[PDB]
Amino acid sequence: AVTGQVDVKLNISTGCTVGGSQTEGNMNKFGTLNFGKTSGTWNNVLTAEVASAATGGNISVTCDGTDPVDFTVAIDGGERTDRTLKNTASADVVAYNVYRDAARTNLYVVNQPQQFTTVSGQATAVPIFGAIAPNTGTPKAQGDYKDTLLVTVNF
Amino acid sequence: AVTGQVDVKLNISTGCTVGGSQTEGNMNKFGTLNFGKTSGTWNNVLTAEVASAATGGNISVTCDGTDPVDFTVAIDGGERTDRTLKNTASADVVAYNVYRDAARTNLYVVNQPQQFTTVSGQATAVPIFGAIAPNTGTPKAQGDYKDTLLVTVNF
Amino acid sequence: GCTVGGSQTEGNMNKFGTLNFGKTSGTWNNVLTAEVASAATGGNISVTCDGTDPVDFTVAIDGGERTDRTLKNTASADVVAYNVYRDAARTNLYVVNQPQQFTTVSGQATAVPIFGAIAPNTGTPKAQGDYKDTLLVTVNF
Amino acid sequence: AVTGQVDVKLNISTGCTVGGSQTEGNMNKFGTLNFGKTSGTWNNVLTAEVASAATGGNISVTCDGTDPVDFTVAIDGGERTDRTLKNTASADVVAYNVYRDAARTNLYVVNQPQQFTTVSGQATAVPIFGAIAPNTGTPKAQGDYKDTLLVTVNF
Amino acid sequence: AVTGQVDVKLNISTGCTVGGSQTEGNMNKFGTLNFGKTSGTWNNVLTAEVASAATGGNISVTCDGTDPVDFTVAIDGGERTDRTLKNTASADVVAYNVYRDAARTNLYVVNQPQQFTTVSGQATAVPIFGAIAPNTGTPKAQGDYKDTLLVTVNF
Amino acid sequence: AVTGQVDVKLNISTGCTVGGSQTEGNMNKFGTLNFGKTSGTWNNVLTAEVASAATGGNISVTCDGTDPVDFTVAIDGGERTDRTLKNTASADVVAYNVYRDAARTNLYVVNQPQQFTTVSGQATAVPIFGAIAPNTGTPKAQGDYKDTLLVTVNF
Amino acid sequence: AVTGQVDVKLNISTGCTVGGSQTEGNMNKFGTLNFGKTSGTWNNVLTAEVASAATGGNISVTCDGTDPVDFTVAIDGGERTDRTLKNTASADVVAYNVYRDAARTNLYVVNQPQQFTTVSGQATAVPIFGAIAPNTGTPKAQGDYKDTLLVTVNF
Amino acid sequence: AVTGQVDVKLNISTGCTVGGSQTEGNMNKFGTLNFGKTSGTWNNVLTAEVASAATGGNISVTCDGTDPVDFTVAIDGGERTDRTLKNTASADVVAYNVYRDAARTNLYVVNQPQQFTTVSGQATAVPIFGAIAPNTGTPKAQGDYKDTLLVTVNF
Amino acid sequence: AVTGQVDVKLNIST
């Protein structure tokens with residue numbers, strides 16, 4: 001019998017809120033990274049942007065205050081922690097990655113706070129640009145591949 | 001004068017130990033559930049994970065032996081027994097809950113042994129995922145809200 | 001007078017409960033901690049008073065069989081030092097032979113939290129077996 | 001701490017692929033819209049066609065299957081979202097537009113899926129015809145003007 | 001979803017301009033190759049010169065600078081890519097060709113940069129001499145035959 | 001890159017044709033204006049008539065129809081645009097002119113449509129009467145002098 | 001639009017010249033065939049010789065060189081092509097003919113090169129002997145009858 | 001190629017006609033100057049008068065009108081232009097002359113208009129009196145000597 | 001202008 005304590009805390013004062021999300025039960029549904037349909041072996045880098053579940057556009061984070069707040073954005077490694085989509089039925093995997101800039105260069109490194117700025121009376125967009133490498137080796141099995149990345153807007 | 005007996009017992013043989021805790025005086029400090037800063041009325045479900053007081057990551061329970069032991073995890077209802085954080089100065093309360101899975105579905109029911117597995121030469125993590133409902137009604141007073149959940153790793 | 005609930009009469013001595021720390025290895029790094037379980041119901045000892053005005057009753061726990069709060073192995077002579085506290089944070093200690101004060105109102109039963117706590121033994125591994133002690137809790141007025 | 005979910009998806013079954021592109025790092029380089037050299041004030045509409053980065057000719061999109069698939073083509077508004085080329089050093093801008101037909105009539109409207117057809121065993125070309133209005137007012141500063149239009153072949 | 005990049009460029013420094021054109025909407029109308037009226041079967045080679053839409057004479061290309069610039073001229077294959085005029089109503093076709101010299105010898109080969117010279121303070125003419133072979137076989141249907149050759153003055 | 005359009009047209013309905021010509025490659029060879037042999041300094045006006053390349057006589061233009069059509073005849077200024085024959089080897093020039101009537105009065109003015117009539121079931125002749133002024137000044141160098149006048153029968 | 005070519009030529013080397021002519025504007029006036037005055041009905045063959053416009057005597061053709069050159073002489077059929085003089089006002093005609101020898105035997109056949117010889121340092125005369133048949137039938141109307149024969153000295 | 005003009009003229013109004021002639025083909029045969037037979041060396045001047053070919057007498061010129069017209073008579077120098085009769089076979093010549101008066105005094109000078117008068121309703125005779133000098137030197141060869149003098153009645 | 005011919009003859013023999 002090892003009984004222990006867990007201090008719970010919350011500082012209600014002046015915070016920042018994330019728009020574009022829908023409450024899926026008790027977990028914020030931020031959006032979808034829909035690469036679309038594809039064949040077994042694709043030569044072109046499959047690339048799609050996150051579509052917020054609430055509006056359809058990009059996640060719009062706004063802060064509540066007058067001075068420009070600096071908030072951070074961190075995305076995790078997905079269900080299996082290595083950014084791989086898994087086929088619903090078979091065990092095939094599809095490696096992918098999420099970048100921050102339009103040219104697929106600034107990668108959202110696993111469990112890292114990619115910095116962001118936000119001014120009063122304005123909503124800043126969180127570009128989560130997906131990208132998949134060209135698979136010109138083995139044709140992955142037919143079906144639907146999925147993953148649930150947890151995006152962590154933290155301060 | 002009602003004098004009575006209390007039998008004390010301890011079976012020293014082959015037990016299981018919880019890592020990630022720090023001994024706060026004579027009580028094991030397991031960690032912190034830090035939701036962060038927030039405004040009076042938040043529309044998004046505030047959500048944070050427990051951070052072990054010893055390492056900063058998740059509580060890592062390991063057992064001492066060779067066969068996989070099945071240990072249980074039970075969390076209580078907090079200081080007031082209804083999972084509410086209380087403002088340090090005023091009497092305002094903030095209802096919350098702790099879940100076990102990443103999607104806020106498998107709730108750690110009050111005083112219930114949520115089952116867990118553990119194999120030899122490995123440490124299993126105890127995910128205590130916090131979650132707070134969207135308060136879009138009354139703005140709670142400014143300040144710091146706290147609670148001390150007692151996590152009970154028992155066999 | 002005032003009466004103590006949650007006890008079972010073991011012969012001619014009131015069995016109040018059990019302080020079960022559970023199973024453990026020779027050397028434990030975490031403070032072993034468990035709460036008293038009343039022998040009658042399984043929960044906490046529920047003391048209720050018989051009357052209309054709120055009575056102030058006291059609770060005193062002794063030092064165990066050997067008077068130094070040590071559990072003894074049933075076979076060998078190894079000992080395991082422990083202590084019983086009153087509050088959930090292991091701070092307010094039930095000092096040996098001391099009347100820790102308590103309140104009780106009419107039409108209500110007050111619980112007597114006897115929170116056990118054992119220090120982290122990271123030195124010598126105590127021998128295998130069962131360690132026991134019989135603390136005598138003294139509800140007096 | 002606002003943690004949220006982003007569902008990632010990919011339907012590997014029977015897709016369409018775009019030829020004529022080169023993988024620039026992790027972003028598909030489709031081509032170049034080279035208007036050529038020009039003076040400060042040009043009276044003639046400057047006009048050039050996209051040159052695929054892989055072959056030099058037009059982007060050749062082919063689909064993978066037997067039934068004629070209807071795929072769409074969408075081009076965005078450029079780096080600044082208003083189809084303006086910017087001088088590498090100064091802040092001068094050069095407004096332009098991309099059309100689909102040879103007579104500069106069917107405009108690729110910003111973020112719009114201009115429809116397209118494709119049959120089996122054939123590659124369809126994606127004509128991205130550039131066009132710049134006659135500037136007979138102010139002479140833009142000397143140097144190189146650039147823009148990066150993101151072409152979005154989607155299904 | 002195959003998203004890709006198209007680099008747009010323009011070098012504003014010292015260019016060459018084409019005179020004799022009129023801006024038809026957003027496409028430069030260079031001129032007309034009017035062979036005139038004819039009967040079903042003509043024995044003489046029908047021959048006419050381009051008439052600039054702006055002045056009525058020959059396209060006058062002038063360069064903007066002091067050193068003699070060498071610019072090129074390229075004409076494409078017409079609407080159907082085989083230099084055939086099509087009847088507005090029926091599907092009859094009339095094969096033709098455009099030459100550069102007055103004796104119908106130096107042909108403007110399809111998609112080829114026929115070289116040209118230009119000196120400062122002077123406008124050079126672009127002779128686009130049309131020529132049609134003698135049709136002494138089948139009488140083409142009555143009506144108007146048309147084609148739109150795209151002339152490409154490039155550097 | 002200045003890309004432009006050139007509308008090509010042909011009205012196949014009821015036209016007029018020119019006889020007496022031979023197709024030299026893709027250019028209609030109408031005839032020859034042979035002044036003959038001459039000495040360095042000639043006192044008499046050298047004068048000869050055009051000899052059609054097909055028959056040897058005068059160019060016979062006939063129209064295809066029943067109503068009398070009014071067609072025009074235009075002759076240009078020769079290779080150098082000033083009606084001068086050039087010696088094949090040296091740079092000496094011999095000024096000349098082409099008239100329409102037998103008395104060398106009605107001159108075929110440069111780039112001008114000298115009017116003509118034509119009735120059904122008849123061929124009208126196009127008299128191109130050459131004439132050279134008496135050179136009694138400087139003796140032009142020995143050799144052959146040539147020029148290629150482009151006759152333009154247009155409607 | 002039937003555009004065609006007319007090759008112009010002149011061989012300046014060693015030619016032959018015709019004397020006795022005057023340049024009437026741009027046409028060589030060779031002479032006059034003056035039959036004189038006559039009545040409505042003449043019984044005698046009216047006969048006169050050509051009188052050169054320059055001297056009054058016979059046309060004197062001389063060649064420029066040392067070897068005897070053989071040059072030809074050709075006379076056409078007059079204004080109406082049937083050797084008829086026309087009254088200036090009325091439509092009456094007077095048929096005539098031009099002979100080469102003094103006895104009216106060797107006729108200058110229409111468009112025919114009647115041969116001639118010429119030696120160095122000498123001028124040969126071109127006898128154009130006119131002759132009119134005796135009209136003893138109908139009296140032609142009063143007035144002046146004219147014609148313009150084109151004499152063609154060619155080599 | 002020296003092409004030239006010869007104006008032909010005839011004034012049909014009120015003329016004069018010559019009688020006594022016969023049309024030899026297309027040339028008026030006026031008469032014969034028959035000296036008769038003679039020996040190699042004649043001492044007497046051989047003398048004979050012209051005998052008209054039509055009647056046998058003298059040429060009778062009559063004018064057509066009412067006022068007395070003054071017409072002229074001109075005789076040329078014969079075939080060789082020096083008034084010599086030539087033997088048909090050999091090259092011997094016989095010099096002669098034609099006079100106008102009966103006493104061999106008024107000579108018809110070569111190419112000269114010897115004047116004559118003529119009144120209405122009367123025919124005037126043209127005396128062409130021949131005369132040959134006494135040859136008392138060399139005897140000319142046997143045979144027939146001939147000449148054809150062209151008499152020119154002109155106005 | 002009425003131009004005409006006059007044949008001239010002489011028979012030198014006896």
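Its PDB header attributes the entry to cryo-EM and lists the resolution as 3.28 Å.

Under the PDB entry, the name given to chain A is CsuA/B, and the source organism is Acinetobacter baumannii.

For chain C, the name recorded in the PDB entry is CsuA/B, with Acinetobacter baumannii as its organism.

(A) Structural context of the overall build of chain C. Each helix and strand counted, chain C has zero helices and 13 strands in total. Reading chain C from its N end, one meets helices and strands in the order β-β-β-β-β-β-β-β-β-β-β-β-β. Viewed in the frame of its principal axes, chain C has a C-alpha envelope of about 55 × 35 × 25 Å. For chain C, with 141 residues in total, the buried portion stands at 43%. Counting contacts in chain C only where the partners sit at least 6 residues apart, residues at least 24 apart contribute 71% of the total. Carbon and sulfur atoms provide 53% of the accessible area of chain C, an area that totals close to 6,500 Å². Positive and negative side-chain charges of chain C, numbering 9 and 12 respectively, have mean locations separated by a distance of 9 Å.

(B) Just the overall build of chain A, in detail. Helices and strands together make up the secondary structure of chain A, namely zero helices and 14 strands. Order of helices (α) and strands (β) in chain A, N terminus to C terminus: β-β-β-β-β-β-β-β-β-β-β-β-β-β. Taken along the three principal axes of its C-alpha coordinates, chain A extends 55 × 50 × 25 Å. Long-range contacts, defined as pairs at least 24 residues apart, comprise 71% of the intrachain contacts of chain A with a sequence gap of at least 6. Total accessible area on chain A stands at roughly 6,300 Å², and carbon and sulfur atoms take up 53% of it.

(C) The arrangement of the arrangement of the chains in detail. Structurally, chain B and chain E remain out of contact, their C-alpha atoms never closer than 28 Å. There is a clear gap between chain A and chain I: no contact, and 107 Å between their nearest C-alpha atoms.

(D) Focus on the pairing of strand β2 (residues 16-19) of chain B. All names here are of chain B. Burial along β2 is one-sided: the residues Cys16 and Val18 are buried and none of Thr17 and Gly19 is. Where β2 and strand β6 (residues 59-63) come together, four bridges link them in antiparallel fashion. Paired with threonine 17 across the bridge in β6 is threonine 62.

(E) The arrangement of the interface of chain B and chain A in detail. Listed as interface residues are 48 residues of chain B and, on the opposing side, 25 residues of chain A. Roughly 3,400 Å² of surface becomes buried between chain B and chain A when both sides are summed, with 51% attributable to carbon and sulfur atoms. On the chain B side of the interface with chain A, the three residues burying the most area are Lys37, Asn44 and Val45 of chain B, jointly 17% of the side's total. Inspection of the region where chain B meets chain A yields zero salt bridges. Scanning the region where chain B abuts chain A turns up 31 residue pairs in polar contact. Only β4 (27-38) and β14 (143-154) of chain B provide two or more residues apiece to the side of chain B that touches chain A. Partitioned by chemical class, the residues of the side of chain B that touches chain A number 25 nonpolar, 15 polar and eight charged.

(F) Region of the structure containing the interface of chain H and chain I. Contacts between the two partners involve 40 residues from chain H and, on the opposite side, 14 residues from chain I. In total, chain H and chain I occlude about 2,500 Å² of area from one another, counting both sides; carbon and sulfur atoms represent 53% of this. At the junction of chain H with chain I, the criterion picks out zero salt bridges. Counting across the interface, chain H meets chain I through 24 residue pairs in polar contact. The set of elements that each furnish at least two residues to the side of chain H that touches chain I consists of β4 (27-38) and β14 (143-154) of chain H. Residue composition of the side of chain H that touches chain I, grouped by class: 20 nonpolar, 13 polar and seven charged. Taken together, the eight bridges between β4 of chain H and strand β1 (residues 2-12) of chain I define a ladder with parallel strand orientation.

(G) Looking closely at the sheet that holds strand β2 (residues 16-19) of chain A. Residue and element names in this part refer to chain A. The antiparallel open sheet is built from three strands, whose spatial order is β2-β6-β12. Each end of this open sheet is capped by a strand with a single partner; those strands are β2 and β12 (123-126). Mean inter-strand twist for the sheet, computed between neighbouring axes without regard to direction, equals 30 degrees.

(H) A look at the UniProt feature "domain: Spore coat protein U/FanG" (unreviewed entry) in chain A. The feature "domain: Spore coat protein U/FanG" (unreviewed entry), as annotated in UniProt, sits at residues 3-152 of chain A in this numbering. Segment residues 3-152 of chain A splits into 0% helix and 51% strand. End C-alpha atoms: 30 Å apart.

(I) Highlighting the environment of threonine 47 of chain H. All names here are of chain H. On the secondary structure map, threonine 47 appears in the loop between β4 and β5 (50-52). For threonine 47, a relative accessible area of 43% gives the class partly exposed. Measuring from C-alpha to C-alpha, the distance between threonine 47 and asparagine 34 comes to 8.7 Å, with 13 residues separating the pair along the chain. Ignoring any residue separated from it by four or fewer positions in sequence, one finds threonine 47 in contact with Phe35, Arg104, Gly130 and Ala131.

(J) Summary view of the pairing of strand β4 (residues 27-38) of chain F. Across the twelve residues that make up β4 of chain F, a large majority, nine, are buried. Where strand β3 (residues 22-24) of chain F lies against β4 of chain F, three bridges are found, and the strand directions are antiparallel. The residue of β4 of chain F that forms the bridge with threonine 23 of chain F is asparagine 28 of chain F. Sheet topology note: the β4 of chain F/strand β1 (residues 2-12) of chain G ladder contains eight bridges and is parallel. Along β1 of chain G, the bridge assignment pairs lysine 29 of chain F with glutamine 5 of chain G. Relative to strand β5 (residues 50-52) of chain F, β4 of chain F is paired through three bridges, and the arrangement is antiparallel. The residue bridging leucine 33 of chain F from the neighbouring strand is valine 50 of chain F, located in β5 of chain F.

How each quantity is defined
- Residues numbered from 1 in each chain as written, not as in the entry; some residues may be left out.
- Chains lettered and ligands numbered in written order.
- Heavy atoms only, no water.
- Helix = DSSP H or I, 4+ residues; strand = E, 2+ residues; numbered from the N terminus.
- Buried < 20%, exposed > 50% of the residue type's maximum accessible area, 1.4 Å probe, protein only.
- Contact = heavy atoms within 4.5 Å.
- Areas by Shrake-Rupley, 256 points an atom, 1.4 Å probe, with all protein chains shown as cover.
- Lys, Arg positive; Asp, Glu negative; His and termini not counted.
- Charge placed at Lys NZ, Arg CZ, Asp CG, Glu CD.
- Pairing = 2+ DSSP bridges.
- Buried area = accessible area lost by both parts, 1.4 Å probe.
- Salt bridge = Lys/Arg side-chain N within 4 Å of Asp/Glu carboxyl O.
- Polar contact = N/O pair within 3.5 Å; in protein donor to acceptor, adjacent residues only side chain to side chain.
- Nonpolar A, V, L, I, M, F, W, Y, C, P; charged D, E, K, R; others polar.
- Axes fitted to C-alpha atoms, helices over the stretch in contact; angles between N-to-C directions.
- UniProt positions renumbered as here; feature names shortened; annotations may be inferred.

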